[PDB]
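Asks: Dropping a structure here in structure tokens format, bear with me for questions.
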Ligand SMILES: O=C(CCC1CCCC1)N1CCNCC1
Ligand SMILES: O=C(CCC1CCCC1)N1CCNCC1
């Protein structure tokens, strides 16, 4: 089997991408944030505290003929941005792009933090990191990808995010029309449960490539590119007037600037992030200070190749017995 679904930016900045997901019988379609950096599938629901719902579409398990309470199971997640959600668990039929999993754990939120309430476009998350990070207790649950894997034509999914445009998530096949040149594969450690790999270095604009090992996670759930402070300083030093602002919480730059590209290594291959991808616009409406799309990972504990980096590539998440990542230019 295979599946193919379009993923769409939630706003003009590509702050997050949503993908339609069918849950239950008859189908209830929710727009979920696919997250290669976490391993829970959780939704706004008929159980979510009413004051914490503001415009999201909710899953109502009592309207699904295939929904079953997973008796005794609860979940609770705390994200790095300080947001959180928690609740109970149903099993139900879940389909993504025509690929159907029966018996998927659907984590129904009873509580969500303010960042989730305030984002009316995101009805929940769908996790695609390894199932070892799933938060369901007392019986950990599998991700949609892990449940689908045995049925798939190939044990892979691919992320092809757009810059200010829709893109695609495919399951079970590699669309050889969706990239240019060849795919470079690189090793993945599952030791922390993330898709964790090691970039071979970087360049800023037309500068020389610096060979240096950079360990991080391929995370579709993350908007920006988080790298070591040395690398980030080297990038922003090439932008007149850029500075790190403790008031704003990262690097900002004059909205009049033209940003240089950023290149990251994948083995002997190179992925080039165009400068425009690194512009996240005014810090507040009407400001002439703009927020940078490359930020320091100092205080995170890990480098994050988020959407700014991933959207410059066709990315293969190879879930074979020995997992690997693949990157191609596009
Ligand atoms: O990119 C982030 C936060 C990144 C943080 C960096 C360190 C911990 C996580 N998003 C995506 C859009 N929704 C809000 C959260
Ligand atoms: O903060 C995290 C990890 C969340 C935890 C990992 C396992 C349990 C939840 N991020 C940054 C945003 N994208 C997802 C990865």
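The residues of chain A that appear here are 90-419 by Swiss-Prot count, in order.
When the header is checked for method, it gives X-ray crystallography, 1.0 Å.
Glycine too: its Cβ is placed from the backbone N, Cα and C atoms.
Below are the features I grabbed from Swiss-Prot:
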DOMAIN    106-417  domain 'Peptidase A1'
ACT_SITE  124  active site
ACT_SITE  288  active site
DISULFID  344-379  disulfide bond
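Give me the lay of the land around each of these features.
Replies: Counted within 10 Å of its Cβ, the other Cβ atoms near residue 124 (active site) come to 21, all protein chains included.
Sequence-distant neighbours of residue 288 (active site) (same chain, six or more apart, CB under 8 Å from its CB) are 302, 303, 304, 305, 353, 354, 355, 394, listed in sequence order.
Within 10 Å of the Cβ of residue 379 (disulfide bond) there are 22 other Cβ atoms, across all protein chains.
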Asks: Give me the Cα-Cα distance between residue 344 (disulfide bond) and residue 124 (active site), rounded to a whole Å.
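Replies: That separation, Cα to Cα, works out to 30 Å.
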Asks: Can you tell me how many other Cβ atoms are located within 10 Å of the Cβ belonging to residue 344 (disulfide bond)?
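Replies: Summing over all protein chains shown, residue 344 (disulfide bond) has 15 other Cβ atoms within 10 Å.
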Asks: Look up residue 344 (disulfide bond) in the DSSP assignment and reduce it to helix, strand or coil.
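Replies: Its secondary structure by DSSP: coil.
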Asks: Taking the Cα atoms as reference points, how far is residue 379 (disulfide bond) from residue 124 (active site) in Å?
Replies: 26
